[PDB]
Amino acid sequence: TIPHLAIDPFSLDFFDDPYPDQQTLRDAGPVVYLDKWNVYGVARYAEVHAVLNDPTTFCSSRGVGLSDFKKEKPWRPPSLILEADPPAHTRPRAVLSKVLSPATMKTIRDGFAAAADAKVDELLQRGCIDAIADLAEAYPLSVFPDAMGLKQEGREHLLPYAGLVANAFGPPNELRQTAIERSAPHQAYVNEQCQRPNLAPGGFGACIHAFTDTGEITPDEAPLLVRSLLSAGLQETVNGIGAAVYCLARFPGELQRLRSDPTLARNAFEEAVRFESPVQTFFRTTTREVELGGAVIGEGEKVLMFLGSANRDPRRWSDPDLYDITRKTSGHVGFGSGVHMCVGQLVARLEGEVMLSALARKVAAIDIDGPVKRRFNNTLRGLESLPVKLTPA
């Protein structure tokens, strides 16, 4: 009854151009079985949204990667928020939500915007830049580690550790094996920065350790919660900003609309998150026999959600392949959906908005003038290099 497919969604072939295979996964049926990895898959918006919003059936405490924590050991101690289910997830989630609160965004917005404006001004003096290393990577690295309270030394481990975590969600392929082989130095840095004395006062990390006396988390849980903010978000935001610059370069009429109304910057980044979906996939594990899209999925089965495919499902989106900065983007699953919906989404949207705002006010044209290179990762989609020429307004 359930179509069986041989598509490997974690192959370099798939990463190079996933969109034809994603339609095949969508059009095969609401639920498919991936014989390569022995998991169920949902690629349409409806089923992806349904699975995300049923955490009691499709749990996260057995791992949101391929590995079932009931069968194998996790490569690192489980996340207290990402790899936890309610009610154990609830109170650590509330702490991270208040650490990255709307009030916190108000405290840091003016500084995040000034750094975004300064970066664009600097890049316009060079003209020909790499929109990834010099822009998409350079700007979040200039605001987020400081907002975190991290020391200056050792920040070169942040992006490698981010890519290691994302690769470790994947199947035991070469990308995952090689990432774990290289992991020890990045792992040693991150865990040490999670200790209270190593986090600057007023920053995100210090605020987590200060939240350890309310009955929501204990002092021994704060290091792992700081680890969550060092394991997630940085590369996704970089890939989201890099995809926005790439889209504005290939859809030049959308850059012209953004220039004419810079207040579209926030939705221009939100559309880039849907268009690119920096987090392509996440797993769930069934705690029960469940019926999903006419399929009967047994207990203890892994279910692979195609977030990027759900954001390009023509059953849900009109012209899903087009970058449209005025599209009604509400409802996209680029940040997930439900109780686990990205707790750091306000940080990412703040960084993305103020960067696109600086581009909208200061840049007249963005022209690709070099070979574009894609970075391969078991979980993340993003560009490695994006040579562009910036023309000042």
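Numbers follow the displayed sequence, beginning with 1.
If you average the C-alpha B-factors over 203-211 and over 288-296, the higher value belongs to 288-296. In this entry, 365-373 shows the higher mean Cα temperature factor of the pair 21-29 and 365-373. Based on the entry's C-alpha B-factors, the most elevated value among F169, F269, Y189, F306 belongs to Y189. Across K151, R312, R257, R109, the greatest Cα temperature factor reported in the deposited entry is at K151. Ranked by C-alpha B-factor against the other modelled residues of its chain, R44 falls in the lowest third. When all modelled residues of the chain are sorted by CA temperature factor, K70 is found within the middle third. Among the modelled residues of the chain, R93 sits in the lowest third by CA temperature factor in this PDB entry. Sort the modelled residues of the chain by CA B factor and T57 lands in the highest third. Among all modelled residues in its chain, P278 ranks in the lowest third by Cα B-factor.
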